[PDB]
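Take a look at this single chain, the form deposited in one PDB entry, given in C-alpha coordinates.
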(Lines give C-alpha, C1' and ligand atoms only; values in the text may rest on other atoms or scores of the structure.)
Protein backbone atom coordinates (compact mmCIF):
# COMPACT_ATOMS: atom_id res chain seq x y z
CA UNK A 1 0.00 0.00 0.00
CA UNK A 2 1.04 3.61 -0.70
CA UNK A 3 2.30 4.92 2.66
CA UNK A 4 1.02 8.37 1.73
CA UNK A 5 -1.86 10.84 2.00
CA UNK A 6 -4.52 10.73 -0.71
CA UNK A 7 -4.24 13.42 -3.37
CA UNK A 8 -6.95 14.05 -5.98
CA UNK A 9 -4.14 14.33 -8.55
CA UNK A 10 -3.35 10.64 -8.03
CA UNK A 11 -6.32 10.09 -10.35
CA UNK A 12 -5.48 12.74 -12.93
CA UNK A 13 -5.09 11.27 -16.40
CA UNK A 14 -5.82 7.82 -14.97
CA UNK A 15 -7.56 5.42 -17.35
CA UNK A 16 -10.40 3.95 -15.34
CA UNK A 17 -13.35 1.59 -15.86
CA UNK A 18 -16.38 1.74 -13.56
CA UNK A 19 -19.05 -1.00 -13.87
CA UNK A 20 -22.70 -0.69 -12.78
CA UNK A 21 -22.24 3.06 -13.22
CA UNK A 22 -25.75 4.12 -14.28
CA UNK A 23 -26.77 4.94 -10.69
CA UNK A 24 -25.93 4.74 -6.99
CA UNK A 25 -22.29 4.35 -5.98
CA UNK A 26 -21.21 3.61 -9.55
CA UNK A 27 -22.48 6.96 -10.78
CA UNK A 28 -20.93 8.87 -7.84
CA UNK A 29 -17.56 7.21 -8.40
CA UNK A 30 -17.66 8.19 -12.05
CA UNK A 31 -18.38 11.81 -11.16
CA UNK A 32 -15.60 11.95 -8.56
CA UNK A 33 -13.32 10.35 -11.15
CA UNK A 34 -14.33 13.03 -13.66
CA UNK A 35 -13.63 15.97 -11.33
CA UNK A 36 -10.11 14.57 -10.82
CA UNK A 37 -9.56 14.57 -14.57
CA UNK A 38 -9.72 10.82 -15.11
CA UNK A 39 -10.47 9.10 -18.36
CA UNK A 40 -13.66 7.25 -17.46
CA UNK A 41 -15.41 4.45 -19.32
CA UNK A 42 -18.65 3.38 -17.66
CA UNK A 43 -20.98 0.42 -18.21
CA UNK A 44 -24.41 -0.85 -17.14
CA UNK A 45 -27.48 -2.04 -19.04
CA UNK A 46 -29.49 1.18 -19.64
CA UNK A 47 -27.80 3.26 -22.36
CA UNK A 48 -30.19 6.12 -21.63
CA UNK A 49 -29.17 6.65 -17.99
CA UNK A 50 -25.55 5.91 -18.96
CA UNK A 51 -25.37 8.72 -21.53
CA UNK A 52 -26.76 11.22 -19.00
CA UNK A 53 -23.94 10.27 -16.66
CA UNK A 54 -21.38 10.68 -19.46
CA UNK A 55 -22.73 14.16 -20.06
CA UNK A 56 -22.25 15.15 -16.43
CA UNK A 57 -18.72 13.70 -16.47
CA UNK A 58 -17.39 15.65 -19.48
CA UNK A 59 -18.45 18.94 -17.87
CA UNK A 60 -16.87 18.06 -14.55
CA UNK A 61 -13.53 17.97 -16.36
CA UNK A 62 -13.08 14.33 -17.29
CA UNK A 63 -10.01 13.91 -19.52
CA UNK A 64 -12.32 11.59 -21.46
CA UNK A 65 -15.65 9.92 -20.76
CA UNK A 66 -17.32 7.09 -22.69
CA UNK A 67 -20.06 4.53 -22.13
CA UNK A 68 -20.79 1.00 -23.37
CA UNK A 69 -24.10 -0.70 -22.58
CA UNK A 70 -24.82 -4.37 -22.05
CA UNK A 71 -25.57 -6.99 -19.42
CA UNK A 72 -22.94 -8.78 -17.34
CA UNK A 73 -25.20 -11.85 -17.40
CA UNK A 74 -23.53 -12.30 -20.79
CA UNK A 75 -19.89 -13.23 -20.19
CA UNK A 76 -19.01 -12.65 -23.84
CA UNK A 77 -20.07 -9.07 -23.34
CA UNK A 78 -18.10 -8.95 -20.12
CA UNK A 79 -14.95 -9.88 -22.00
CA UNK A 80 -15.46 -7.51 -24.95
CA UNK A 81 -16.42 -4.54 -22.81
CA UNK A 82 -12.94 -4.46 -21.32
CA UNK A 83 -11.07 -4.73 -24.63
CA UNK A 84 -13.31 -2.02 -26.06
CA UNK A 85 -12.82 0.25 -23.05
CA UNK A 86 -9.08 -0.36 -23.38
CA UNK A 87 -9.34 0.96 -26.94
CA UNK A 88 -11.22 4.13 -26.03
CA UNK A 89 -8.62 5.10 -23.40
CA UNK A 90 -5.33 3.70 -24.67
CA UNK A 91 -4.84 1.36 -21.72
CA UNK A 92 -6.21 0.62 -18.25
CA UNK A 93 -4.95 1.68 -14.82
CA UNK A 94 -7.93 1.04 -12.58
CA UNK A 95 -10.73 -1.50 -12.99
CA UNK A 96 -13.74 -0.91 -10.73
CA UNK A 97 -16.08 -3.89 -10.27
CA UNK A 98 -19.26 -2.56 -8.69
CA UNK A 99 -22.40 -3.78 -10.54
CA UNK A 100 -24.84 -6.30 -9.04
CA UNK A 101 -27.86 -8.22 -10.31
CA UNK A 102 -30.90 -6.53 -8.91
CA UNK A 103 -31.88 -7.78 -5.49
CA UNK A 104 -34.40 -7.22 -2.71
CA UNK A 105 -35.22 -8.50 0.78
CA UNK A 106 -36.62 -12.02 0.89
CA UNK A 107 -36.55 -15.15 2.96
CA UNK A 108 -35.00 -17.76 0.70
CA UNK A 109 -37.56 -20.43 -0.15
CA UNK A 110 -37.02 -21.94 -3.58
CA UNK A 111 -35.32 -19.41 -5.81
CA UNK A 112 -32.36 -21.39 -7.12
CA UNK A 113 -32.67 -19.15 -10.16
CA UNK A 114 -31.98 -15.98 -8.17
CA UNK A 115 -29.04 -17.75 -6.50
CA UNK A 116 -27.38 -18.65 -9.80
CA UNK A 117 -28.03 -15.22 -11.34
CA UNK A 118 -26.48 -13.52 -8.31
CA UNK A 119 -23.51 -15.89 -8.58
CA UNK A 120 -23.06 -15.16 -12.29
CA UNK A 121 -23.52 -11.37 -12.23
CA UNK A 122 -22.26 -10.48 -8.75
CA UNK A 123 -19.26 -12.78 -8.94
CA UNK A 124 -18.39 -14.84 -11.99
CA UNK A 125 -18.51 -11.85 -14.36
CA UNK A 126 -16.14 -10.04 -12.02
CA UNK A 127 -13.74 -12.88 -12.70
CA UNK A 128 -14.31 -12.52 -16.45
CA UNK A 129 -13.66 -8.77 -16.42
CA UNK A 130 -10.63 -9.39 -14.26
CA UNK A 131 -9.15 -11.83 -16.79
CA UNK A 132 -10.00 -9.42 -19.62
CA UNK A 133 -8.24 -6.54 -17.84
CA UNK A 134 -5.24 -8.20 -16.23
CA UNK A 135 -2.98 -7.82 -19.32
CA UNK A 136 -3.49 -4.04 -19.45
CA UNK A 137 -3.33 -3.81 -15.67
CA UNK A 138 0.09 -5.48 -15.52
CA UNK A 139 1.66 -2.94 -17.92
CA UNK A 140 0.19 -0.02 -15.98
CA UNK A 141 0.85 -1.68 -12.62
CA UNK A 142 -2.77 -0.80 -12.10
CA UNK A 143 -5.45 -1.71 -9.62
CA UNK A 144 -8.50 -3.91 -9.36
CA UNK A 145 -11.22 -2.56 -7.12
CA UNK A 146 -13.95 -4.84 -5.86
CA UNK A 147 -17.01 -3.49 -4.08
CA UNK A 148 -18.51 -5.77 -1.46
CA UNK A 149 -20.62 -5.50 1.64
CA UNK A 150 -21.13 -6.33 5.32
CA UNK A 151 -23.23 -9.23 4.01
CA UNK A 152 -20.07 -10.54 2.41
CA UNK A 153 -18.15 -10.56 5.71
CA UNK A 154 -20.86 -11.59 8.16
CA UNK A 155 -24.15 -13.46 7.90
CA UNK A 156 -27.51 -11.74 7.59
CA UNK A 157 -31.05 -13.10 6.86
CA UNK A 158 -33.08 -12.06 3.76
CA UNK A 159 -29.91 -11.65 1.67
CA UNK A 160 -28.78 -15.28 1.18
CA UNK A 161 -27.95 -15.31 -2.55
CA UNK A 162 -26.42 -11.85 -2.36
CA UNK A 163 -24.25 -12.81 0.65
CA UNK A 164 -22.97 -16.03 -0.94
CA UNK A 165 -21.80 -14.01 -3.98
CA UNK A 166 -20.04 -11.34 -1.86
CA UNK A 167 -18.43 -14.03 0.28
CA UNK A 168 -17.37 -15.69 -2.97
CA UNK A 169 -15.64 -12.47 -4.11
CA UNK A 170 -13.78 -12.29 -0.79
CA UNK A 171 -12.62 -15.88 -1.23
CA UNK A 172 -11.63 -15.58 -4.86
CA UNK A 173 -10.02 -12.15 -4.87
CA UNK A 174 -8.18 -12.48 -1.56
CA UNK A 175 -6.87 -15.82 -2.79
CA UNK A 176 -5.73 -14.13 -6.01
CA UNK A 177 -3.98 -11.30 -4.14
CA UNK A 178 -1.71 -13.89 -2.48
CA UNK A 179 -0.95 -15.44 -5.86
CA UNK A 180 0.16 -12.04 -7.14
CA UNK A 181 2.28 -11.78 -3.98
CA UNK A 182 4.12 -15.04 -4.69
CA UNK A 183 4.34 -14.60 -8.48
CA UNK A 184 5.23 -10.92 -7.98
CA UNK A 185 2.42 -9.48 -10.13
CA UNK A 186 2.18 -5.76 -9.35
CA UNK A 187 -1.58 -5.25 -9.59
CA UNK A 188 -3.42 -4.14 -6.45
CA UNK A 189 -6.61 -5.82 -5.28
CA UNK A 190 -8.82 -3.71 -3.01
CA UNK A 191 -11.90 -5.27 -1.37
CA UNK A 192 -14.43 -2.69 -0.17
CA UNK A 193 -16.79 -3.63 2.67
CA UNK A 194 -19.77 -1.29 2.62
CA UNK A 195 -22.52 -1.07 5.18
CA UNK A 196 -25.84 0.49 4.24
CA UNK A 197 -25.28 3.28 1.70
CA UNK A 198 -28.13 5.59 0.67
CA UNK A 199 -28.50 4.58 -2.98
CA UNK A 200 -32.00 4.78 -4.42
CA UNK A 201 -31.96 1.00 -4.99
CA UNK A 202 -30.96 0.22 -1.40
CA UNK A 203 -33.44 2.59 0.26
CA UNK A 204 -36.16 1.13 -1.98
CA UNK A 205 -35.31 -2.42 -0.88
CA UNK A 206 -34.85 -1.51 2.80
CA UNK A 207 -38.11 0.42 3.30
CA UNK A 208 -40.21 -1.13 6.07
CA UNK A 209 -38.09 -4.22 6.70
CA UNK A 210 -34.92 -2.65 8.06
CA UNK A 211 -34.40 0.41 10.24
CA UNK A 212 -30.78 1.57 10.06
CA UNK A 213 -28.85 4.67 9.00
CA UNK A 214 -27.54 5.10 5.45
CA UNK A 215 -24.12 6.62 4.87
CA UNK A 216 -23.86 9.09 1.97
CA UNK A 217 -23.17 7.58 -1.45
CA UNK A 218 -20.97 10.54 -2.38
CA UNK A 219 -18.36 9.99 0.36
CA UNK A 220 -18.81 6.25 -0.08
CA UNK A 221 -17.66 6.65 -3.68
CA UNK A 222 -14.65 8.85 -2.87
CA UNK A 223 -13.63 6.40 -0.13
CA UNK A 224 -13.64 3.48 -2.59
CA UNK A 225 -11.55 5.46 -5.08
CA UNK A 226 -8.98 6.39 -2.40
CA UNK A 227 -8.61 2.78 -1.23
CA UNK A 228 -7.73 1.74 -4.77
CA UNK A 229 -5.51 4.72 -5.53
CA UNK A 230 -3.52 3.96 -2.37
CA UNK A 231 -3.60 0.21 -3.17
CA UNK A 232 -4.99 -0.89 0.22
CA UNK A 233 -6.00 -4.50 0.82
CA UNK A 234 -9.38 -3.60 2.26
CA UNK A 235 -11.54 -0.56 2.76
CA UNK A 236 -14.41 -0.29 5.18
CA UNK A 237 -17.24 2.22 4.97
CA UNK A 238 -20.33 2.47 7.17
CA UNK A 239 -22.11 5.30 8.98
CA UNK A 240 -21.28 3.64 12.30
CA UNK A 241 -17.93 3.41 14.11
CA UNK A 242 -18.71 0.21 15.96
CA UNK A 243 -19.02 -1.51 12.56
CA UNK A 244 -15.85 -0.42 10.72
CA UNK A 245 -13.55 -1.56 13.59
CA UNK A 246 -14.68 -5.17 13.92
CA UNK A 247 -14.46 -5.98 10.21
CA UNK A 248 -10.69 -6.52 10.33
CA UNK A 249 -9.94 -10.10 11.44
CA UNK A 250 -6.40 -10.43 12.83
CA UNK A 251 -6.75 -14.16 13.52
CA UNK A 252 -7.41 -14.50 9.76
CA UNK A 253 -4.29 -12.42 9.11
CA UNK A 254 -2.54 -14.90 11.40
CA UNK A 255 -3.49 -18.19 9.70
CA UNK A 256 -2.74 -16.79 6.26
CA UNK A 257 0.89 -17.04 7.37
CA UNK A 258 0.84 -20.86 7.28
CA UNK A 259 1.58 -20.78 3.54
CA UNK A 260 4.47 -18.30 3.78
CA UNK A 261 7.21 -20.56 2.36
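Positions refer to the first chain, counted from 1. For clarity, a rigid core is taken as the largest C-alpha set superposing within 1.5 Å between two forms. Only residues modelled in both forms are compared.
*Determine, among the other compared PDB entries that model residues flanking residue 205, whether at least a third leave it unmodelled.*
Across the compared entries, residue 205 is modelled every time.
*Mean C-alpha B-factor higher for 121-129, or for 99-107?*
Between 99-107 and 121-129, it is 99-107 that shows the higher mean C-alpha B-factor.
*Comparing 157-165 with 78-86, the one whose average Cα B-factor in the PDB entry is higher*: Result of the comparison: 78-86.
*Among the candidates 232, 49, 43, 199, give the one with the maximum CA B-factor reported in the record.*
Comparing C-alpha B-factors across 232, 49, 43, 199, the top value belongs to 49.
*Candidate set 195, 228, 208, 61 [ranked by C-alpha B-factor, highest]*: Largest recorded C-alpha B-factor: 208.
*Relative to the other modelled residues of the same chain, rank the CA B-factor of residue 138 and answer lowest, middle or highest third.*
Answer is middle: the recorded C-alpha B-factor places it there.
*Please place residue 188 in the lowest, middle or highest third of its chain by C-alpha B factor as given in the entry.*
Lowest third, going by the recorded CA B-factors of the chain.
_residue 66 - which third its CA temperature factor falls in, relative to the rest of the chain_ = According to the entry, residue 66 has a C-alpha B-factor in the chain's lowest third.
*Please rank the C-alpha B-factors of the chain's modelled residues and tell me whether residue 215 sits in the lowest, middle or highest third.*
It belongs to the highest third of the chain when residues are ordered by C-alpha B-factor.
*Just say lowest, middle or highest third for the CA B-factor of residue 57 relative to the other modelled residues in its chain.*
Residue 57: CA B-factor falls in the lowest third of its chain.
The following text describes the form deposited in another entry, which does not appear among the structures shown.
*Cα of residue 240 displaced 2 Å or more between this form and the one not shown, core superposed?*
After core superposition, the displacement of the residue 240 C-alpha between this form and the one not shown reaches the 2 Å mark, so yes.
*Is_shifted residue 203 between this form and the one not shown (CA, 2 Å cut-off, rigid core)*: Stays below the 2 Å threshold, so no.
*Direction of C-alpha distance change in that other deposited form, residue 241 to residue 233 (at least 3 Å)*: Nearer in that other deposited form, by 3 Å or more.
*asked:* A 3 angstroms or greater change in CA distance between residue 210 and residue 107 is reported in that other deposited form. Closer or farther than in this form?
replied: Relative to the shown form, the pair is farther apart.
_For a quick check of understanding: after superposing on the core, name the runs of at least three residues, shared by both forms, whose CA atoms each shift 2 angstroms or more between this form and the one not shown._
Only these runs move by 2 Å or more: 209-212, 238-247.
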